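Structural description and commentary
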Amino acid sequence: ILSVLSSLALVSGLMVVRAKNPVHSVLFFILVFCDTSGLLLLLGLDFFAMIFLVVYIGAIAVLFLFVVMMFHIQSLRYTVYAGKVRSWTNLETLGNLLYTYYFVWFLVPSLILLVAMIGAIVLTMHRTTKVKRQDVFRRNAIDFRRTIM
Amino acid sequence: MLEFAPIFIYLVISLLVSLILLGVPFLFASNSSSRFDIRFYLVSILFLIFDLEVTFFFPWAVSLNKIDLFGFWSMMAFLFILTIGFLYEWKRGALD
Amino acid sequence: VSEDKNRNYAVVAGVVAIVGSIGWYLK
Amino acid sequence: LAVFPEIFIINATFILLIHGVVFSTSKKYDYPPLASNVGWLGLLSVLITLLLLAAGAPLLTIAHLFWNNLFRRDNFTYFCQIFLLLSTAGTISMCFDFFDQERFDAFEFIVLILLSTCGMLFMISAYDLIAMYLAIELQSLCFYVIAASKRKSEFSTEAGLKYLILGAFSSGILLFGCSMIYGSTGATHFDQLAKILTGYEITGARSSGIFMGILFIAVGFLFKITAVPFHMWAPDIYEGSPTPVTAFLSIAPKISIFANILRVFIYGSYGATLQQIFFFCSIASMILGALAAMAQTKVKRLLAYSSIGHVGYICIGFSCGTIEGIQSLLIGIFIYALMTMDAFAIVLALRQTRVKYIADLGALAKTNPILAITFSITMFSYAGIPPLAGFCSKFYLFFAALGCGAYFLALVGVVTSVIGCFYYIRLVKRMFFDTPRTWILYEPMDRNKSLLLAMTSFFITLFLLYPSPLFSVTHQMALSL
Amino acid sequence: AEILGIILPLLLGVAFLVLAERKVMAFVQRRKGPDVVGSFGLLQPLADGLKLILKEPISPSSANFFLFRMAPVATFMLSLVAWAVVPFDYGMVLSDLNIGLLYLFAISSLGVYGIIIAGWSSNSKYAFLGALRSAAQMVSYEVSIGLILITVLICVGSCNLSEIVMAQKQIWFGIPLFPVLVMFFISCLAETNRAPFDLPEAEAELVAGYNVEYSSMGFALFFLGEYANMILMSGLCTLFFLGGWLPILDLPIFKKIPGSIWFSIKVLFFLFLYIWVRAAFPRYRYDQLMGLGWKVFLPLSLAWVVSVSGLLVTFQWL
Amino acid sequence: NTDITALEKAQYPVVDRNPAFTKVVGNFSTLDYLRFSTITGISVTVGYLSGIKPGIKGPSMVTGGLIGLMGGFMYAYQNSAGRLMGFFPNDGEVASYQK
Amino acid sequence: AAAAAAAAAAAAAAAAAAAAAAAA
Amino acid sequence: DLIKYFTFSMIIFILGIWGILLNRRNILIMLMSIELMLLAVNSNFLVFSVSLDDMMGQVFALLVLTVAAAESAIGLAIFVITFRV
Amino acid sequence: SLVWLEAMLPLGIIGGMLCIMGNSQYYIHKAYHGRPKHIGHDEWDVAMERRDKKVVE
Amino acid sequence: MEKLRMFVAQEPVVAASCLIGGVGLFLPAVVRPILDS
Amino acid sequence: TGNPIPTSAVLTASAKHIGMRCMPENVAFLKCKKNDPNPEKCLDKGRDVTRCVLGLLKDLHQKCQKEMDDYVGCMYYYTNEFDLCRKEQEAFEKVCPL
């Protein structure tokens, strides 16, 4: 029966866009991701289920939870026994491609993660380091020192 | 996937176990005896990025005999870009 | 009898860059 | 090999990024203002990239592995990619003065501009939906950061948030289209896509899945170029940010998107739907711009609306299927870019003036009289007055449009040019004839900004004597697709 | 089902680990630990439990029962469900997932939720910021554990934990990658809090650092969770690096070679190492600690993925 | 698999299709070594000159020289490769007819 | 925060008694 | 059954664009819906890769994962900066 | 000296619990199914199990 | 070099990571092409 | 197990012998399948491979049955996993068919 239980994801997605209390919004966000990972499990894409878990409800909705807590808003099959003699786990059959054949679409997300690092640095350093912690800065010769107030 | 059903029922049976561990104390013992710390957003975004790059490490880790010396060098280029990002974060001083 | 260390390197580099420009047409 | 021109700018960005951070975080150098040292070095990094890309133009197509599975470089891409770097460098040249006046310690801001150029260089040559989306994401992501650079002032940051959401939505909408286009095609490459979509004709041959994707991909692109159907908060982005950052987003992302647009749609898709949507957008953009030029008062916003009106004239070339029309669009993009850089530079010339109305900009007849004539040339170029280069580009767009048969679309463009000309004579009247508004006295700029005006204003007027080279260059690019 | 046969013995394991820690860390300090309650303190865990159960609440407060009365349940359920994929002997894993390792990584990424939620429901600014600091630490030594597992994964073929412990028949990955075991242990020390790395767990700041409504069940469940998370993260330093259930393979006549007994011996070694290293070393202050997970165990983990990938690519050892 | 087969290829007589590195770089004409030398100069001179303002003249000169080395070397490589391969003028066929 | 961080570098350990070791 | 796993993703995407249209006032829900629609196209790529029995779908889904994640990083960082001090 | 055995005893009865964690979920699964668990149980083996339960009729 | 030793003393873990990592970026760079025999 | 019912265990147990013998039938079946994957077009070659392999099993079943009966007991106990009992594998191979 768990097949049609994507209705849970469906209603939780309707919650996040029709909720004024942000805690409920982020909770049903996490719920949408959990049910989407359930779906991606039912399809057998095991790697993508765990990646949804990790890089969504252990990083991204962690971010969103932070933004809520602080900064409150207010029969007939014919199985072909060939190609089953060596079953390729999903990670192996993503790595056979992403790093050798389509590797530039993998070095470009490298640049996108680097731009995300540079961006989170230049944006949210918040004048807390050399961006402004260099010094207040002062020059004596130009300074009036009581000659001009 | 076939082996996911044992953990699928594991979540629910551990829910039951924790509910019993919750109800055990509840039954007994009757009547008579800082504006914002943005570094927690920098640390968080940086974990996000480094876990994305570990996500990219995983298939390259499990499939490295297939990609003989070319997948390795492509991953090392991806990793040199990771290292440039990480050195820009170290020097700029986000690791504090 | 010379300017700051490093200024000399830049002055030498400019001549080698200008020599290259005439050279690029020449060769 | 074959990615070396892109590799150099990415390496140059990394080398500048490491140089800026190590130097900026230096007690020995007293935490110095790297921006402007990253600049000049940043401008020559683009120039070295320009030479490498031009030098390897025959060598660009080195191997099938890069074209078939990653990105394909062609003669059209090379000519526009050369222009993209020149447009980027020209914007940096005017921007250097802004870096000097501002307390710019943002060495990273230059690295973002170079990273954007690398994303834009990859965008022009991207031949796969995945590659185009990923390249678009990088170029926009670098742009999102430049918009929010002035953190102390919320006006730049709030403008960035609207640009960010519009950017995220535009990338997201385009991404959904790729998913639907992928579902029918079974492949993400434009070349494989063209074989499945050649002559699809959603009326002649059924293609429900492909069209569903095409609708999303086309809509996303329009948000990126500030097309009026999706203009949204994009005009707001231009006025809210300071003039120099506004100039960079005004020309380079738009040129990259327009070049990407011709490659993704004309070659890959063949249905009678793509040309018509641009035809409606072109009429609307010129109508919105003409109404806006009269309606808008702030000089910076007016430029954005005049640019939006010009964008509609550019859209007509794609709207008419003729290759001569695609060539006319290219003539327009080059003239609009030269004028847009020139227009931003004249506003940048009055650096001393803080945000001020057109009437305040008036009274330049007595003081800086030559600059006053230069401002008149910039307004005339978008106006379509015949002596200026813009009219010659518009006439080619219009002559192509009449040959394409777009009499209704061509007429509104002439009518919008007529609507614009009246405001421009009124602005020219404002500069010398009337509304001096206090005889305000202006300040000097850098030589590079004066040269940007000198090399462009002379060329705009000189176009009449020798207009043959540009027309020849533009058609070659259109034919190459 | 048979999930009882992996949760009940694990509950007993955690209850007796509180005693094993007190007793070992006491023996270290030249003193017998809990020694009167049971024959050798063996009943002391049951005494701690049966005491915490019989302690009247400070305030009933059963109204707020969906917010933070199920958050310790969540933390504990995660610490217990990461035990499915952990194999104790050949064919003794409860559910052999062909992506087992990544599933452990995801379970940690959800334990982050456990901590953050159970700290936010405590309406104490000091305790909530403490829980956020603890979550940021647990998640900053997770990129380092991630890369350490990428090393032990490069050495192995697949993420299947039974394979990672079957890939060590020739030699445990503790011998060649010993520097990595030291980094996984010093990270598992820091991922969990119980470590030289526990400033958020500084004796006082811990109790006032997880919740406001204790009722005893919350106190026990957090400690039962910390001690199961510890048994788990010590049952990983013994699958990956030590031979999961492999002997030294000398094949003795005295030793009939049981598997689960070897896994038990090794996880006991790593639990004893947890205790020993809690006794003998000062705390890291959470300001040098976060500057050790980024500036020390991430560079030294990245290097190791490039070293164990290189040295295995050049010579075709993959 | 990979192959150096090119679009619009062999417009001039090829000398060595797919030249190996350490040969295509040992083919540097006194013009390439003059292109790799002028680019490194215009990149050191700009690098030092840009750094006069922030006090970083030496190290900015060094990083401009690093950029120039990378760029001018990849340009000299482009030239000597499109010369060895059939892409550029390629008057260095005497080096093959003689050796 | 620009607060002075506790730099854990210093001079090496050298037991420094007073001058009254032998003859006051 | 592919339709069930696609039209459900299609209407998750419609929910995302709907929340985009309505919530132009609140931005955190805007970003919520952004990642929602970047899931409904991501789950869409995965479903269409299982259906077509093609791996390009999953490669593109992984790259969209590690691009939408960086997008959420920069998005929320921009949102935190927007609520200045 | 064997004084450490008193402190070894809690680690023993926590090791005697992981042995039970391992052997319980083994001999429970060895009961429901007449055979031990298969670790490397790829799709080839589920297909062969299907055809096997279909061969014994 | 004097500054190199000053860098491998002050920062041992980023100078023994760029050397436990060189042995990984150096083995397949040169030691693998050497293994042509 | 029992009569030579080609179960999973008894098939993966004799696969070494099914490799040494019955290689022509297997390679012919595979050549057909790689020629065209329609099941009918070499139903005859399917009968041919199944005939020689059922014959090979009945040969292995008739001779050294107890060692074969122990090795298939393995392969049913540990599901076709070779390393788990090399002793039975050697016993069965060593006694009669190498």
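Residues numbered from 1 in each chain as written, not as in the entry; some residues may be left out. Chains lettered and ligands numbered in written order. Part of a larger assembly, values for the part shown. Heavy atoms only, no water.

Going by the header, the method for this PDB entry is cryo-EM, and the resolution given is 3.8 Å.

Residues and elements named next belong to chain D. Closest axis-to-axis distance for the helix α11 (residues 243-267)/helix α14 (residues 323-349) pair is 9 Å, and the angle between their directions is 170°. The pairing of α11 with α14 is recorded here as roughly antiparallel in orientation. Here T243, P244, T246, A247, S250, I251, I255, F258, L262 and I266 of α11 come into contact with α14, specifically with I326, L329, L330, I333, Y336, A337, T340, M341, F344, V347 and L348. Here the contact of α11 with α14 is composed, by residue class, of 17 nonpolar, four polar and no charged. (Axes fitted to C-alpha atoms, helices over the stretch in contact; angles between N-to-C directions. Helix = DSSP H or I, 4+ residues; strand = E, 2+ residues; numbered from the N terminus. Parallel < 35°, antiparallel > 145°, perpendicular 65-115°, else oblique. Contact = heavy atoms within 4.5 Å. Nonpolar A, V, L, I, M, F, W, Y, C, P; charged D, E, K, R; others polar.)

Another point: the interface of chain H and chain A. By a frequent convention, interface size equals the accessible area lost on bringing the separate parts together. Counting residues at the interface gives 48 residues for chain H, matched by 51 residues for chain A. Summed over both partners, the interface of chain H with chain A buries about 4400 Å², with 85% contributed by carbon and sulfur atoms. The largest share of the area that chain H buries against chain A comes from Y5, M32 and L65 of chain H, three residues that together contribute 13% of it. Across the chain H-chain A interface, the total number found is zero salt bridges. When residues in the side of chain H that touches chain A are grouped by element, the largest group, 21 residues, is from helix α4 (residues 56-82) of chain H. Of the residues that constitute the side of chain H that touches chain A, the class distribution is 38 nonpolar, eight polar and two charged. (Buried area = accessible area lost by both parts, 1.4 Å probe. Salt bridge = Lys/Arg side-chain N within 4 Å of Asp/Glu carboxyl O.)

Evaluation of the coordinates by the stated rule reveals 94 aromatic pairs over all chains. Put simply, the rings of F83, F334, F391, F395, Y396, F399, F459, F463 and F471 of chain D pair up and form one aromatic cluster. Between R35 of chain I and the ring centre of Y76 of chain K, over which it is positioned, the NZ or CZ distance is 4.2 Å. (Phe/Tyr/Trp six-rings, centres within 6.5 Å; stacked < 30°, edge-to-face > 60°. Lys NZ or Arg CZ within 6 Å of the ring centre and 35° of its normal.)

Contacts between the two partners involve 62 residues from chain E, matched on the other side by 47 residues from chain B. For chain E, the biggest contributors to the area lost against chain B are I53, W294 and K295 of chain E; these three give 13% of the whole. If you look at where chain E meets chain B, you find one salt bridge. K295 of chain E is the partner of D96 of chain B in a salt bridge, and the nearest nitrogen-oxygen pair spans 2.8 Å. The set of elements that each furnish at least two residues to the side of chain E that touches chain B consists of α1 (4-28), α3 (71-81), α4 (100-120), α5 (125-155), α9 (217-234), α12 (290-293) and α13 (299-314) of chain E. Split by residue class, the side of chain E that touches chain B holds 45 nonpolar, 10 polar and seven charged.

This next bit is on the arrangement of the chains. Highest in contacts among the 22 pairs of chains that touch are chains B and E. Separated throughout, chain C and chain H approach each other most closely at a C-alpha pair spaced 40 Å apart. Regarding chain C and chain J, the two do not touch, and the least distance separating their C-alpha atoms is 20 Å.

This paragraph deals with unusual backbone geometry. Although it is not a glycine, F137 of chain A adopts a positive phi angle of roughly 75°. Tracing the backbone shows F137 of chain A in the segment after α6 (104-124). Located in the positive-phi region is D30 of chain D, a residue other than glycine, with phi close to 60°. Locating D30 of chain D in the fold gives a position in the loop between α1 (4-24) and α2 (38-55). By relative accessible area, which is 36% here, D30 of chain D ends up partly exposed. (Buried < 20%, exposed > 50% of the residue type's maximum accessible area, 1.4 Å probe, protein only.)

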